[PDB]
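This report refers to the structure that appears directly beneath it.
In each ligand, atom 1 is the first atom listed, and ligand 1 is the first ligand listed. For the single chain, residues carry numbers from 1 onward in sequence order.
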Amino acid sequence: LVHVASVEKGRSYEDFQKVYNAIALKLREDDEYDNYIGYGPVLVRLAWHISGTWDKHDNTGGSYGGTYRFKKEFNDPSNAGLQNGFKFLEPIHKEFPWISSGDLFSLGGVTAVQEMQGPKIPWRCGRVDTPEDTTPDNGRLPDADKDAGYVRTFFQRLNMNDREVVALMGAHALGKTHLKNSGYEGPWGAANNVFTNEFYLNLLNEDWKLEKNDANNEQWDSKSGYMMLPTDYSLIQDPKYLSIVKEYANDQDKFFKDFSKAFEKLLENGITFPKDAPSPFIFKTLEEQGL
Ligand code: HEM
């Protein structure tokens, strides 16, 4: 497979900045979702799950085709709870019917990180909707009940190295786990709709206790009322991952710079960009525009 990026016919930077502004205004407005966390966290989880199906060996999956819109991927057990993010974006797609599904789903993730005071993420347009038979089969997204060796091996399929894996996992400062979606329950931290290096500081400074939860799954719980998945706690059990966790815990700016690069790479895997194509767009926040 080759997937060539094709700009939506006749659209420029200003068009995409209007879709970003529509998503960001609705993030502001629907602030009550999930006990006042807001939709920002489920939207960056949606952008990672539609990208995370990519396989570097045959170029299948990834964000390009927008195939989450199809039943098979939509109903994947690993995507439980993402229907909420889909439903959020659906009025925005009726307002801007020209944008492709993969461009809308990935842009939702970018808009959410930046509106939650995160780093600017360069974003490229050009994903093209592909047919229902290009939809990847279920089972390509990662399990949470595993160790550092599984994590390393998993992310190799998306050719992410150690630094990129640790930077990307820092998005778990956002939102929370929900028992009915995944068999896990609880937040990773206190400031869960502000993008900060809090995940790393919690992993290094809390007194974590291994416990079983109500779904019979294990998770690491702290006195503070926070939790960590087996795969998160893996990052301090592996010596290579632990030196990077310490780095980001001591330097949020380095975490932001590395997260920015790794998240753009994740959203663009599998896509070939012609050099006639526009450079990556840097969108302004509502705040920068006075809106
Ligand atoms: C080995 C890797 C990963 C595993 C096993 C994993 C697993 C999970 C699980 C089990 C949840 C809870 C779902 C729920 O009950 O609602 C979750 C939530 C979330 N994940 Fe991850 N994750 C991984 C990587 C990532 C990455 C790479 C990102 C983003 C760059 C990410 C972003 C999120 C976000 C923001 C949420 C919160 C969503 C919400 O609050 O509804 N995760 N993750």
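Both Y184 and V151 are part of a single hydrophobic cluster, where members link through side-chain heavy atoms under 4.5 Å apart.
No side-chain donor from either of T285 and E287 sits under 3.5 Å from a side-chain acceptor of the other. Donor-acceptor pairing under 3.5 Å is lacking for the side chains of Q237 and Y233.
Protein heavy atom closest to atom 5 (C) of ligand 1, with residue, atom name and distance, is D143 O, 3.5 Å. For atom 41 (O) of ligand 1, the closest heavy atom belonging to the protein is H178 CE1, 3.4 Å. Atom 37 (C) of ligand 1 has its closest protein heavy atom at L174 O, 3.6 Å.
At a heavy-atom cutoff of 4.0 Å, ligand 1 is contacted by the side chain of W188 but not by its backbone.
Between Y68 and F74, the two ring planes are tilted [angle within 30° to 60°]. Ring-plane geometry between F281 and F283 is classed as tilted, the angle between the planes lying from 30 to 60 degrees on a 0 to 90 degree scale. Ring orientation note: the planes of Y248 and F255 are tilted relative to one another, at an angle of 30° to 60°.
Which parts of ligand 1 touch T231 is read off a 4.0 Å heavy-atom cut-off, strictly below it: atoms 5 (C). Listed by number with element, the atoms of ligand 1 under 4.0 angstrom from any heavy atom of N181 are 14 (C), 15 (O), 16 (O). Applying the 4.0 Å criterion to heavy atoms of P142 picks out, from ligand 1, the atoms 1 (C), 2 (C), 3 (C), 5 (C). Listed by number with element, the atoms of ligand 1 under 4.0 angstrom from any heavy atom of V44 are 35 (C). Applying the 4.0 Å criterion to heavy atoms of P41 picks out, from ligand 1, the atoms 35 (C), 38 (C), 40 (O). Short contacts between ligand 1 and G175, defined as distances under 4.0 Å to a heavy atom of the residue, involve ligand atoms 40 (O).
Partners of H49 by side chain to side chain contact (heavy atoms under 4.5 Å, CB included), not counting sequence neighbours, listed by chain and number: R45, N79, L82, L141.
For ligand 1, none of its N or O atoms has an N or O atom of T177 under 3.5 Å away. Between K176 and ligand 1, at least one pair of N/O atoms sits closer than 3.5 Å.
Here the two rings, on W123 and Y20, have centers that are 6.0 Å apart or farther.
For the ring-ring contact (aromatic ring centres under 6.0 Å, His included) with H172, the qualifying choice from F195, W188, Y200, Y226 is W188, the only one to do so.
Side-chain atoms of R124 do not come within 3.5 Å of backbone N or O of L267 as any donor-acceptor pair.
When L158, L266, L168 are ranked by how near their heavy atoms come to atom 30 (C) of ligand 1, first place goes to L168.
Around atom 21 (Fe) of ligand 1, protein N, O or S atoms at less than 2.8 Å comprise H172 NE2.
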Salt bridge (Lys or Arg N to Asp or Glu O under 4.0 Å) evaluation trace for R163 with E247:
CA-CA 10 Å; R163 171 163 239 86; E247 204 179 323; 2.8 Å; yes
I'd like to know whether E95 forms a salt bridge (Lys or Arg N to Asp or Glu O under 4.0 Å) with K26, so could you lay out the CA-CA distance, the side-chain angles of the two residues, the decisive distance to 0.1 Å, and finally the verdict.
CA-CA 13 Å; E95 189 173 351; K26 190 174 172 61; over 6 Å; no
